[PDB]
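Source file: upload34.cif. Holds: mmCIF, C-alpha atoms and all ligand atoms.
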data_protein
loop_
_atom_site.label_atom_id
_atom_site.label_comp_id
_atom_site.auth_asym_id
_atom_site.auth_seq_id
_atom_site.Cartn_x
_atom_site.Cartn_y
_atom_site.Cartn_z
CA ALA A 1 81.94 112.74 65.02
CA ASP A 2 81.23 109.04 65.09
CA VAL A 3 84.66 108.92 66.73
CA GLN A 4 83.29 111.41 69.25
CA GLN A 5 80.40 109.11 70.10
CA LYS A 6 82.80 106.18 70.43
CA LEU A 7 85.10 108.08 72.80
CA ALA A 8 82.07 109.16 74.86
CA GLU A 9 80.93 105.54 75.10
CA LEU A 10 84.43 104.44 76.08
CA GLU A 11 84.51 107.12 78.76
CA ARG A 12 81.07 106.04 80.01
CA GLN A 13 82.12 102.39 80.20
CA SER A 14 85.37 103.27 81.93
CA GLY A 15 83.71 105.13 84.81
CA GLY A 16 86.34 107.89 84.73
CA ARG A 17 87.31 111.07 82.89
CA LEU A 18 89.07 110.64 79.54
CA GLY A 19 91.08 113.28 77.67
CA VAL A 20 92.27 112.71 74.11
CA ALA A 21 94.10 114.78 71.55
CA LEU A 22 95.26 113.32 68.25
CA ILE A 23 97.15 115.44 65.71
CA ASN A 24 97.34 113.90 62.26
CA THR A 25 100.21 115.67 60.57
CA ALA A 26 99.10 114.55 57.10
CA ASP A 27 96.41 117.25 57.02
CA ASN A 28 96.96 119.14 60.31
CA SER A 29 93.68 117.76 61.63
CA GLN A 30 92.83 116.95 65.21
CA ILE A 31 90.53 114.63 67.13
CA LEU A 32 89.78 116.15 70.53
CA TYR A 33 87.88 114.89 73.55
CA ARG A 34 87.97 116.96 76.77
CA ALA A 35 91.13 118.33 75.18
CA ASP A 36 91.02 121.64 77.07
CA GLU A 37 90.45 120.08 80.50
CA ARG A 38 93.32 119.67 82.92
CA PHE A 39 94.67 116.27 83.95
CA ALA A 40 97.51 115.33 86.26
CA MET A 41 100.41 114.47 83.97
CA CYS A 42 102.18 112.07 86.32
CA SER A 43 105.21 110.56 84.65
CA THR A 44 104.30 111.98 81.23
CA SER A 45 105.86 115.20 82.60
CA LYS A 46 109.25 113.45 82.40
CA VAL A 47 109.30 114.30 78.69
CA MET A 48 109.23 118.03 79.49
CA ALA A 49 111.95 117.75 82.13
CA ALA A 50 114.25 115.82 79.80
CA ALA A 51 113.49 118.25 76.97
CA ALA A 52 114.38 121.20 79.21
CA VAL A 53 117.79 119.65 79.87
CA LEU A 54 118.25 118.91 76.17
CA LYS A 55 117.44 122.54 75.38
CA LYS A 56 119.99 123.78 77.91
CA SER A 57 122.58 121.45 76.32
CA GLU A 58 122.31 123.31 72.99
CA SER A 59 124.33 126.17 74.48
CA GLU A 60 126.35 124.07 76.96
CA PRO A 61 127.14 120.99 74.88
CA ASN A 62 129.11 119.26 77.67
CA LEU A 63 126.01 119.41 79.89
CA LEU A 64 124.84 115.88 79.10
CA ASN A 65 128.16 114.50 80.36
CA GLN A 66 127.91 116.29 83.72
CA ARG A 67 128.01 113.78 86.59
CA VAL A 68 125.34 113.84 89.31
CA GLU A 69 125.80 112.02 92.61
CA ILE A 70 123.14 109.41 93.51
CA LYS A 71 122.84 109.14 97.29
CA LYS A 72 120.69 106.96 99.51
CA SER A 73 118.99 110.22 100.51
CA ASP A 74 117.89 110.68 96.89
CA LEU A 75 115.87 107.46 96.71
CA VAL A 76 112.11 107.84 96.53
CA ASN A 77 109.33 105.36 95.72
CA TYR A 78 110.31 104.16 92.23
CA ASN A 79 114.06 103.97 91.58
CA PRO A 80 114.67 101.07 89.16
CA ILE A 81 117.86 102.56 87.69
CA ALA A 82 119.02 104.97 90.36
CA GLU A 83 119.02 102.32 93.10
CA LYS A 84 121.71 100.46 91.15
CA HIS A 85 123.94 103.57 91.08
CA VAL A 86 123.75 104.65 94.72
CA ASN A 87 127.12 105.99 95.94
CA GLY A 88 128.21 106.66 92.35
CA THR A 89 127.25 109.22 89.73
CA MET A 90 125.07 109.23 86.64
CA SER A 91 125.46 111.67 83.78
CA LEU A 92 122.58 113.93 82.81
CA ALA A 93 122.28 111.85 79.63
CA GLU A 94 121.92 108.67 81.70
CA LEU A 95 119.40 110.35 83.98
CA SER A 96 117.38 111.50 80.99
CA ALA A 97 117.35 107.96 79.56
CA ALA A 98 116.42 106.51 82.95
CA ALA A 99 113.54 108.96 83.42
CA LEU A 100 112.18 108.38 79.92
CA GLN A 101 112.81 104.66 79.43
CA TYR A 102 112.32 103.29 82.96
CA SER A 103 110.24 106.12 84.44
CA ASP A 104 112.83 106.50 87.20
CA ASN A 105 111.68 109.03 89.78
CA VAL A 106 115.15 109.83 91.15
CA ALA A 107 116.24 110.59 87.61
CA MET A 108 113.27 112.93 87.20
CA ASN A 109 114.17 114.73 90.42
CA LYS A 110 117.76 115.21 89.20
CA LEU A 111 116.54 116.66 85.91
CA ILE A 112 114.19 118.97 87.78
CA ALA A 113 116.93 120.06 90.15
CA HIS A 114 119.42 120.75 87.40
CA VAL A 115 117.16 123.09 85.45
CA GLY A 116 116.16 124.96 88.59
CA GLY A 117 113.06 123.28 89.97
CA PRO A 118 109.51 122.63 88.79
CA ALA A 119 108.92 126.31 87.97
CA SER A 120 111.93 126.26 85.65
CA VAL A 121 110.48 123.31 83.72
CA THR A 122 107.28 125.38 83.48
CA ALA A 123 109.28 128.39 82.25
CA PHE A 124 110.78 126.16 79.54
CA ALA A 125 107.25 125.20 78.47
CA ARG A 126 106.26 128.87 78.37
CA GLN A 127 109.29 129.76 76.27
CA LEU A 128 108.13 127.15 73.75
CA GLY A 129 104.65 128.71 73.57
CA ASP A 130 102.86 126.25 75.90
CA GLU A 131 100.93 128.40 78.37
CA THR A 132 98.96 125.46 79.85
CA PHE A 133 101.59 123.05 81.17
CA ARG A 134 102.50 123.47 84.81
CA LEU A 135 105.00 121.47 86.86
CA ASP A 136 104.73 122.35 90.52
CA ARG A 137 106.16 119.51 92.61
CA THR A 138 108.98 117.00 92.63
CA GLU A 139 108.71 113.22 92.77
CA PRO A 140 106.91 111.48 94.34
CA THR A 141 104.22 113.98 95.24
CA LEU A 142 103.63 115.24 91.68
CA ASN A 143 101.54 112.09 91.06
CA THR A 144 98.86 112.58 93.71
CA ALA A 145 96.32 113.45 90.97
CA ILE A 146 93.67 114.74 93.38
CA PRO A 147 90.46 115.78 91.59
CA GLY A 148 90.24 119.54 91.31
CA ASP A 149 93.96 120.08 92.02
CA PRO A 150 95.69 121.98 89.19
CA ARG A 151 99.21 121.16 90.35
CA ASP A 152 101.29 119.21 87.84
CA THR A 153 98.60 119.31 85.17
CA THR A 154 98.20 120.09 81.52
CA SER A 155 95.52 119.63 78.88
CA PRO A 156 95.53 117.00 76.12
CA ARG A 157 95.54 119.71 73.45
CA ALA A 158 98.50 121.56 74.91
CA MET A 159 100.55 118.44 75.48
CA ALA A 160 99.88 117.11 71.99
CA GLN A 161 100.91 120.41 70.40
CA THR A 162 104.01 120.62 72.58
CA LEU A 163 104.99 117.00 71.95
CA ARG A 164 104.62 117.70 68.23
CA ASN A 165 106.92 120.72 68.57
CA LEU A 166 109.52 118.75 70.49
CA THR A 167 109.57 115.56 68.38
CA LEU A 168 108.48 116.65 64.87
CA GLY A 169 109.13 120.38 64.97
CA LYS A 170 112.30 122.32 65.74
CA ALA A 171 111.87 123.44 69.34
CA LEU A 172 115.08 121.49 69.87
CA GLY A 173 118.19 121.43 67.75
CA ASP A 174 118.78 118.60 65.32
CA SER A 175 120.87 116.52 67.69
CA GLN A 176 118.63 117.13 70.69
CA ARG A 177 115.38 116.35 68.88
CA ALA A 178 116.87 113.13 67.54
CA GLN A 179 118.00 112.24 71.05
CA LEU A 180 114.55 112.81 72.55
CA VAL A 181 112.91 110.66 69.89
CA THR A 182 115.48 107.90 70.26
CA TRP A 183 114.93 107.88 74.01
CA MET A 184 111.14 107.73 73.67
CA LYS A 185 111.35 104.93 71.07
CA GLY A 186 113.35 102.95 73.62
CA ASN A 187 110.75 103.28 76.36
CA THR A 188 110.27 99.98 78.17
CA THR A 189 106.98 100.91 79.91
CA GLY A 190 104.47 101.62 77.13
CA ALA A 191 103.47 98.39 75.40
CA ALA A 192 100.13 98.07 77.22
CA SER A 193 99.00 101.67 76.58
CA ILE A 194 98.72 103.53 73.25
CA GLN A 195 100.84 100.88 71.52
CA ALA A 196 98.31 98.18 72.47
CA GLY A 197 95.68 99.96 70.35
CA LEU A 198 97.80 100.25 67.20
CA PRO A 199 98.93 97.72 64.59
CA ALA A 200 102.12 95.86 65.38
CA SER A 201 103.95 97.39 62.40
CA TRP A 202 103.61 100.97 63.61
CA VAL A 203 106.59 102.60 65.32
CA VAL A 204 105.92 104.44 68.59
CA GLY A 205 107.86 106.67 70.90
CA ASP A 206 105.85 107.22 74.05
CA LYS A 207 105.94 108.10 77.72
CA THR A 208 103.38 106.70 80.14
CA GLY A 209 102.16 108.07 83.44
CA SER A 210 100.50 106.54 86.48
CA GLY A 211 99.31 108.14 89.68
CA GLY A 212 96.68 108.42 92.35
CA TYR A 213 92.99 108.18 91.53
CA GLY A 214 93.79 105.46 89.03
CA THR A 215 95.39 108.03 86.77
CA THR A 216 96.66 106.28 83.64
CA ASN A 217 98.25 108.35 80.88
CA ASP A 218 100.34 108.07 77.72
CA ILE A 219 101.73 110.56 75.22
CA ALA A 220 103.15 109.35 71.94
CA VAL A 221 104.67 110.18 68.59
CA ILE A 222 103.56 107.52 66.11
CA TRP A 223 104.86 106.56 62.69
CA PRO A 224 102.12 104.54 60.97
CA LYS A 225 103.04 102.34 58.07
CA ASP A 226 103.30 104.47 54.91
CA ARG A 227 101.72 107.53 56.54
CA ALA A 228 102.83 110.82 58.02
CA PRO A 229 103.37 110.80 61.78
CA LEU A 230 100.69 111.22 64.41
CA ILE A 231 100.82 112.73 67.87
CA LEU A 232 98.48 111.21 70.44
CA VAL A 233 97.83 112.13 74.07
CA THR A 234 95.50 109.92 76.10
CA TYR A 235 94.89 110.97 79.70
CA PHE A 236 92.57 109.13 82.08
CA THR A 237 91.65 109.55 85.75
CA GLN A 238 89.07 108.00 88.05
CA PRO A 239 86.90 109.04 90.99
CA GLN A 240 88.29 106.64 93.61
CA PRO A 241 91.61 107.41 95.32
CA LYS A 242 92.69 103.76 95.14
CA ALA A 243 91.33 102.96 91.69
CA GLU A 244 93.45 100.55 89.67
CA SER A 245 95.28 101.52 86.51
CA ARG A 246 93.33 101.24 83.25
CA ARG A 247 95.89 100.98 80.46
CA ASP A 248 93.24 99.19 78.41
CA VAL A 249 91.25 102.44 78.26
CA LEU A 250 94.19 104.19 76.64
CA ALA A 251 94.63 101.32 74.16
CA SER A 252 90.93 101.51 73.30
CA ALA A 253 91.09 105.29 72.82
CA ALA A 254 94.09 104.86 70.52
CA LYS A 255 92.27 102.23 68.47
CA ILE A 256 89.17 104.43 68.21
CA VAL A 257 91.00 107.54 66.99
CA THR A 258 93.32 105.77 64.53
CA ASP A 259 90.70 103.51 62.96
CA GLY A 260 91.15 103.99 59.22
CA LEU A 261 94.66 105.49 59.31
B1 LIG B 301 105.13 107.78 86.69
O1 LIG B 301 103.74 108.25 86.77
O2 LIG B 301 105.83 107.77 88.01
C1 LIG B 301 106.40 106.50 88.31
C2 LIG B 301 105.93 105.99 89.62
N1 LIG B 301 105.61 105.59 90.63
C3 LIG B 301 106.02 105.62 87.15
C4 LIG B 301 106.33 104.27 87.00
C5 LIG B 301 105.90 103.59 85.87
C6 LIG B 301 105.16 104.26 84.90
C7 LIG B 301 104.85 105.60 85.06
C8 LIG B 301 105.28 106.31 86.19
CL CL B 302 98.65 94.07 63.75
NA NA B 303 101.53 120.61 77.95
NA NA B 304 102.37 103.20 74.09
#
Render the structure in this file as structure tokens.
Ligand SMILES: *[B@-]1(O)O[C@@H](C#N)c2ccccc21
Ligand SMILES: [Cl-]
Ligand code: NA
Ligand code: NA
Amino acid sequence: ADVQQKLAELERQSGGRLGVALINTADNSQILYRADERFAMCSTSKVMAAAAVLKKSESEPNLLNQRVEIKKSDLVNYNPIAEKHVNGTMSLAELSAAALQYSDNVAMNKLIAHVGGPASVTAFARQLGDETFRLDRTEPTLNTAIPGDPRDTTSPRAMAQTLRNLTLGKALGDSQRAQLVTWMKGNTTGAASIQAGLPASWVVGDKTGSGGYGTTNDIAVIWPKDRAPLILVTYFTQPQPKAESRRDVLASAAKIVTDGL
């Protein structure tokens, strides 16, 4: 309401297109802004790839220990962990951690490959009840974020509801859900995004995304002090192909929607 006016002003100031969905699990309420529009997920899609592997591991519990070769031919444009393991192997657990905690693009590609490709990550989403998410490309091209292009997009509403299912619901088994949350709480890449708009005492598990057109995203499960958890998706994209990242916009959106909680 007033929060709606504040998000609209933030969007206006920012010069881009802002998408927000907050779920407050205390009362099952939502704050939504462009929450049914599509946005390029960029690296926030790494959550869904890792979750698809975790789901597969429920019925193949040795899956996370399976070794995957890292070759020079696997390197792409952002390989902080994988580059250190070239000519060796990483387990699917290590690749999941690398994708979620360091945003490693080789790791993402290995997760995608294992489950069967981008369309298999999408099928996992569908099987959960998310009929909006679509993963269509591998790294690095899934981050082009061209205006009007539906590839590799979802909506804030759908991603918030799915993140809630994965982290606070029981889409995943007890061990797998705990593992996803632990991985997201150990993210090294999120302190300037949603977390920067929340009090220091609050605990956050998040995954950021960056891409073309200044696309700057974050999805988070939040444990506020002495309150039930929140789910927050903040997606942002800009009109210029070479626009700079705007993590401050995500921090501001997070501050706006959590004011009073
Ligand atoms: B994600 O959008 O893809 C990676 C690249 N390039 C990356 C690095 C750091 C944060 C988010 C992402
Ligand atoms: Cl504080
Ligand atoms: Na989604
Ligand atoms: Na964050």
Collect all residues with atoms no farther than 7 Å from ligand CL 302 (chain B), counting all atoms listed in the file, and output them as a PDB file with C-alpha atoms, in the coordinates of the input.
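Done, and the output landed in pocket-v5.pdb:
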ATOM      1  CA  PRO A 199      98.930  97.720  64.590  1.00  0.00           C
ATOM      2  CA  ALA A 200     102.120  95.860  65.380  1.00  0.00           C
ATOM      3  CA  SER A 201     103.950  97.390  62.400  1.00  0.00           C
TER       4      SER A 201
END
Show me which residues sit within 8 Å of ligand NA 303 (chain B) when counting only C-alpha atoms and all ligand atoms, and put them as an MDAnalysis selection string.
chainID A and resid 125 130:134 153:163
Within 9 Å of ligand NA 304 (chain B), which residues of chain A come that close, and what is the closest atom pair and distance in Å for each? Count only C-alpha atoms and all ligand atoms and give it as a Markdown table.
| residue | atom | partner | partner_atom | distance |
| --- | --- | --- | --- | --- |
| A:187 | CA | B:NA304 | NA | 8.7 |
| A:189 | CA | B:NA304 | NA | 7.8 |
| A:190 | CA | B:NA304 | NA | 4.0 |
| A:191 | CA | B:NA304 | NA | 5.1 |
| A:192 | CA | B:NA304 | NA | 6.4 |
| A:193 | CA | B:NA304 | NA | 4.5 |
| A:194 | CA | B:NA304 | NA | 3.8 |
| A:195 | CA | B:NA304 | NA | 3.8 |
| A:196 | CA | B:NA304 | NA | 6.7 |
| A:197 | CA | B:NA304 | NA | 8.3 |
| A:198 | CA | B:NA304 | NA | 8.8 |
| A:204 | CA | B:NA304 | NA | 6.7 |
| A:205 | CA | B:NA304 | NA | 7.2 |
| A:206 | CA | B:NA304 | NA | 5.3 |
| A:207 | CA | B:NA304 | NA | 7.1 |
| A:208 | CA | B:NA304 | NA | 7.1 |
| A:218 | CA | B:NA304 | NA | 6.4 |
| A:219 | CA | B:NA304 | NA | 7.5 |
| A:220 | CA | B:NA304 | NA | 6.6 |
| A:250 | CA | B:NA304 | NA | 8.6 |
| A:251 | CA | B:NA304 | NA | 8.0 |
Hey, which of A:21, A:8, A:42, A:52 ends up closest to ligand LIG 301 (chain B)? Count all atoms listed in the file.
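The closest residue to ligand LIG 301 (chain B) is A:42.
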Within 12 Å of ligand LIG 301 (chain B), which residues show up when you count all atoms listed in the file? List them as JSON, numbers by chain, please.
{"A": [40, 41, 42, 43, 44, 45, 46, 47, 76, 77, 78, 79, 80, 81, 98, 99, 100, 101, 102, 103, 104, 105, 106, 107, 108, 109, 138, 139, 140, 141, 142, 143, 144, 145, 152, 187, 188, 189, 190, 191, 192, 193, 206, 207, 208, 209, 210, 211, 212, 213, 214, 215, 216, 217, 218, 219, 235, 245, 247]}
Give me the residues within 7 Å of residue 20 of chain A as a PDB file with C-alpha atoms, in the coordinates of the input, counting all atoms listed in the file and dropping any in the same chain fewer than 2 places off.
ATOM      1  CA  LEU A  18      89.070 110.640  79.540  1.00  0.00           C
ATOM      2  CA  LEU A  22      95.260 113.320  68.250  1.00  0.00           C
ATOM      3  CA  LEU A  32      89.780 116.150  70.530  1.00  0.00           C
ATOM      4  CA  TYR A  33      87.880 114.890  73.550  1.00  0.00           C
ATOM      5  CA  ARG A  34      87.970 116.960  76.770  1.00  0.00           C
ATOM      6  CA  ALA A  35      91.130 118.330  75.180  1.00  0.00           C
ATOM      7  CA  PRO A 156      95.530 117.000  76.120  1.00  0.00           C
ATOM      8  CA  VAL A 233      97.830 112.130  74.070  1.00  0.00           C
ATOM      9  CA  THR A 234      95.500 109.920  76.100  1.00  0.00           C
ATOM     10  CA  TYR A 235      94.890 110.970  79.700  1.00  0.00           C
TER      11      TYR A 235
END
From the options A:53, A:222, A:10, A:82, which residue's atoms come nearest to residue 177 of chain A, counting only C-alpha atoms?
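Ranked by minimum distance to residue 177 of chain A, first place goes to A:53.
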To one decimal in Å, tell me the separation between atom CA of residue 236 of chain A and atom CA of residue 16 of chain A.
6.9 Å
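The coordinates place atom CA of residue 174 of chain A at 25.4 Å from atom CA of residue 29 of chain A.
Taking only C-alpha atoms into account, residue 129 of chain A lies nearest to A:171 out of the set A:228, A:68, A:113, A:171.
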Pick out the closest residue to residue 58 of chain A from this set: A:172, A:147, A:90, A:38. Count only C-alpha atoms.
A:172
Straight-line distance linking atom CA of residue 121 of chain A with atom CA of residue 168 of chain A, stated in Å to one decimal:
20.1 Å
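In this comparison, which uses all atoms listed in the file, the residue of A:88, A:15, A:239, A:260 approaching residue 146 of chain A most closely is A:239.
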Got a sec: who's within 12 Å of segment 60-62 of chain A, counting only C-alpha atoms, leaving out chain neighbours fewer than 6 positions off, as a PyMOL selection string?
chain A and resi 53-54+91-93+173+175-176
Using only C-alpha atoms, please write the residues we just selected to a file, as a PDB file, in the coordinates of the input.
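Saved file part07.pdb follows:
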ATOM      1  CA  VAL A  53     117.790 119.650  79.870  1.00  0.00           C
ATOM      2  CA  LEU A  54     118.250 118.910  76.170  1.00  0.00           C
ATOM      3  CA  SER A  91     125.460 111.670  83.780  1.00  0.00           C
ATOM      4  CA  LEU A  92     122.580 113.930  82.810  1.00  0.00           C
ATOM      5  CA  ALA A  93     122.280 111.850  79.630  1.00  0.00           C
ATOM      6  CA  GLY A 173     118.190 121.430  67.750  1.00  0.00           C
ATOM      7  CA  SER A 175     120.870 116.520  67.690  1.00  0.00           C
ATOM      8  CA  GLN A 176     118.630 117.130  70.690  1.00  0.00           C
TER       9      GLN A 176
END
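Shortest separation to residue 122 of chain A among A:48, A:203, A:184, A:75 occurs at residue A:48, atoms counted being all atoms listed in the file.
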